[PDB]
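Data block below; observations after.
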Amino acid sequence: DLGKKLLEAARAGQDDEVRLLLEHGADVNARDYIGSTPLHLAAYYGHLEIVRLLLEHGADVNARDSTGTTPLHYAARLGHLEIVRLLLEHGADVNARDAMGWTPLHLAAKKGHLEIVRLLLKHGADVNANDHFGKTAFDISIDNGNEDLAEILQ
């Protein structure tokens, strides 16, 4: 159906094809078999323009897949700064927790993405949020010995 096509196009970074499918009425929140939406896949693969088009056509900014992962979780983990920025501006839940209890801040902390960390903090990320391991993003920075991040967070 059109939603399957939309999922594939979003994943592939096909700006024009996504716009075409949306204009022919593809379900903007179509789900794959793990509950990914197109916005998840665009966030994962770093397709800014596609995230923009999807939001414009009423994509759920706070969709969760079957594991509780949101698009912002992917963008934060995979280092896509400008996707983090756009998602945040469209109302992404800065403190969403995935199945492990990780917020975007935790995930950006794990991968050492300093500008994402700072941007998350500007938009109200909870520096005291504990994951299911009992760790804050600051604990993670101390466990990775990432001085720059620990300095930002401490």
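Numbering starts fresh at 1 for the residues of each chain in the structure tokens, the chains themselves are lettered A, B, ... in the order given, and ligands are numbered from 1 as they appear.
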- [ ] Excluding residue 58 (chain A) and any residue of its chain fewer than 2 positions from it, enumerate the residues within 12 Å of it, using only C-alpha atoms, and give them as a ChimeraX atom specification.
- [x] /A:22,25-30,38-39,51-56,60-63,90
Export of prior selection with N, CA, C and O atoms as an mmCIF file, in the first residue's frame:
data_model
loop_
_atom_site.group_PDB
_atom_site.id
_atom_site.type_symbol
_atom_site.label_atom_id
_atom_site.label_comp_id
_atom_site.auth_asym_id
_atom_site.auth_seq_id
_atom_site.Cartn_x
_atom_site.Cartn_y
_atom_site.Cartn_z
ATOM 1 N N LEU A 22 2.938 11.414 0.023
ATOM 2 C CA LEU A 22 2.154 12.210 0.973
ATOM 3 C C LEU A 22 1.007 12.893 0.239
ATOM 4 O O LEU A 22 -0.143 12.841 0.716
ATOM 5 N N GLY A 25 -1.999 10.935 -0.452
ATOM 6 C CA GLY A 25 -2.635 10.439 0.777
ATOM 7 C C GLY A 25 -2.073 9.216 1.515
ATOM 8 O O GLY A 25 -2.840 8.489 2.198
ATOM 9 N N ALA A 26 -0.759 8.959 1.390
ATOM 10 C CA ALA A 26 -0.117 7.905 2.188
ATOM 11 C C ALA A 26 -0.319 8.247 3.643
ATOM 12 O O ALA A 26 -0.374 9.428 3.997
ATOM 13 N N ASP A 27 -0.526 7.200 4.452
ATOM 14 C CA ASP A 27 -0.665 7.369 5.905
ATOM 15 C C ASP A 27 0.708 7.841 6.456
ATOM 16 O O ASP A 27 1.651 7.052 6.510
ATOM 17 N N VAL A 28 0.759 9.096 6.842
ATOM 18 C CA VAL A 28 1.977 9.755 7.415
ATOM 19 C C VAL A 28 2.560 9.007 8.607
ATOM 20 O O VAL A 28 3.773 9.134 8.865
ATOM 21 N N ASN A 29 1.706 8.304 9.335
ATOM 22 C CA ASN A 29 2.089 7.450 10.490
ATOM 23 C C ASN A 29 1.973 5.978 10.257
ATOM 24 O O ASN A 29 1.772 5.172 11.158
ATOM 25 N N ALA A 30 2.218 5.560 9.013
ATOM 26 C CA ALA A 30 2.291 4.168 8.712
ATOM 27 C C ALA A 30 3.291 3.444 9.561
ATOM 28 O O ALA A 30 4.348 3.988 9.900
ATOM 29 N N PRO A 38 7.462 6.360 9.309
ATOM 30 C CA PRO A 38 8.417 7.027 8.461
ATOM 31 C C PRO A 38 9.352 8.029 9.134
ATOM 32 O O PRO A 38 10.515 8.191 8.792
ATOM 33 N N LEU A 39 8.787 8.799 10.099
ATOM 34 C CA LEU A 39 9.580 9.751 10.823
ATOM 35 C C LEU A 39 10.698 9.069 11.616
ATOM 36 O O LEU A 39 11.786 9.598 11.719
ATOM 37 N N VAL A 51 12.193 14.525 7.254
ATOM 38 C CA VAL A 51 11.601 14.798 8.560
ATOM 39 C C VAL A 51 10.740 16.053 8.412
ATOM 40 O O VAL A 51 9.598 16.069 8.938
ATOM 41 N N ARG A 52 11.258 17.088 7.766
ATOM 42 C CA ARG A 52 10.483 18.307 7.554
ATOM 43 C C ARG A 52 9.125 18.109 6.827
ATOM 44 O O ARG A 52 8.069 18.605 7.374
ATOM 45 N N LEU A 53 9.105 17.376 5.743
ATOM 46 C CA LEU A 53 7.933 17.040 4.966
ATOM 47 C C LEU A 53 6.961 16.232 5.794
ATOM 48 O O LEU A 53 5.749 16.478 5.774
ATOM 49 N N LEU A 54 7.451 15.203 6.516
ATOM 50 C CA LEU A 54 6.613 14.422 7.322
ATOM 51 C C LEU A 54 5.932 15.204 8.404
ATOM 52 O O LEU A 54 4.645 15.008 8.633
ATOM 53 N N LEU A 55 6.729 16.055 9.092
ATOM 54 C CA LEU A 55 6.087 16.972 10.125
ATOM 55 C C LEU A 55 5.030 17.890 9.538
ATOM 56 O O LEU A 55 3.887 17.969 10.123
ATOM 57 N N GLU A 56 5.320 18.450 8.390
ATOM 58 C CA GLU A 56 4.380 19.318 7.657
ATOM 59 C C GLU A 56 3.070 18.612 7.326
ATOM 60 O O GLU A 56 2.009 19.222 7.413
ATOM 61 N N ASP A 60 3.237 12.257 13.681
ATOM 62 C CA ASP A 60 3.280 12.230 15.132
ATOM 63 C C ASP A 60 4.775 12.338 15.531
ATOM 64 O O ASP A 60 5.480 11.330 15.486
ATOM 65 N N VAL A 61 5.171 13.499 16.014
ATOM 66 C CA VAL A 61 6.542 13.817 16.432
ATOM 67 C C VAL A 61 7.023 12.848 17.583
ATOM 68 O O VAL A 61 8.241 12.585 17.785
ATOM 69 N N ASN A 62 6.025 12.401 18.395
ATOM 70 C CA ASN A 62 6.267 11.551 19.588
ATOM 71 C C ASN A 62 5.847 10.125 19.430
ATOM 72 O O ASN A 62 5.574 9.367 20.340
ATOM 73 N N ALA A 63 5.783 9.655 18.180
ATOM 74 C CA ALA A 63 5.589 8.247 18.038
ATOM 75 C C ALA A 63 6.544 7.372 18.681
ATOM 76 O O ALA A 63 7.750 7.624 18.771
ATOM 77 N N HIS A 90 9.293 21.053 16.899
ATOM 78 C CA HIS A 90 7.969 20.542 16.674
ATOM 79 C C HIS A 90 7.346 19.793 17.833
ATOM 80 O O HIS A 90 6.353 19.130 17.617
#
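Residues with any atom within 12 Å of residue 132 (chain A), counting only C-alpha atoms and excluding same-chain neighbours fewer than 2 positions away, are residues 97, 98, 99, 100, 101, 102, 103, 106, 129, 130, 134, 135 and 136 of chain A.
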Task: Non-local contacts of residue 120 (chain A) (9 Å; only C-alpha atoms; under 2 positions in same chain excluded) as a PyMOL selection string - done: chain A and resi 76+84-85+88+94+104-105+108+115-118+122-126
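Between CA of residue 15 (chain A) and CA of residue 46 (chain A) lies a distance of 12.1 Å.
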